[PDB]
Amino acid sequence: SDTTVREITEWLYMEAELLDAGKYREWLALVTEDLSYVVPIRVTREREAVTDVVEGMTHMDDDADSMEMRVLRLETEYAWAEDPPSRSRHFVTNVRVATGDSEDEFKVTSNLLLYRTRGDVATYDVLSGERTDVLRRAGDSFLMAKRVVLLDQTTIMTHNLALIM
């Protein structure tokens, strides 16, 4: 690819920079009208078994309307889960860019280490996962058509998933 790597990689850093800054509405300018943002459930199974990932159920399964509600909720001044806001850092590493099912689409895989902290108590949360995105072209930048955050946990180590990954 090259230079599309430089451009997708810097998109993923700008997306993270918006998310850790609390600018969710500005983040929503990314994403596509047919967005699919899903966070699968995982369960401990043996190596033999076909798969780890639960089918039919999810931690978060948004389209663009439902994702717009999620941001709409946070723009209200009664979003207690985040109204003294979290301190998050999205650590986007291991970026792997590869061509898409169509032209101008790219399957963009990253490793995420989300670091979450909540107000003055001396504890922190760490979510580790792998996002598998589909970045469409839109103008001289990209738009997110789909994301699958597959976390490295079965029992999730945060009290809620109020942060976008």
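A residue's number is simply how far along the shown sequence it sits, counting from 1.
The mean C-alpha temperature factor is higher for 96-104 when 96-104 and 109-117 are set side by side. Remark: residue 152 belongs to the lowest third of its chain, ranked by C-alpha B-factor as recorded. In the deposited entry, the Cα temperature factor of residue 40 places it in the lowest third of its chain's modelled residues. Compared with the other modelled residues of the chain, the Cα B-factor recorded for residue 137 ranks in the highest third. Residue 26: CA B factor in the highest third of modelled residues in this chain (values from the PDB entry).
Residue 125 sits in the lowest third of its chain by CA B factor, as recorded in the PDB entry.
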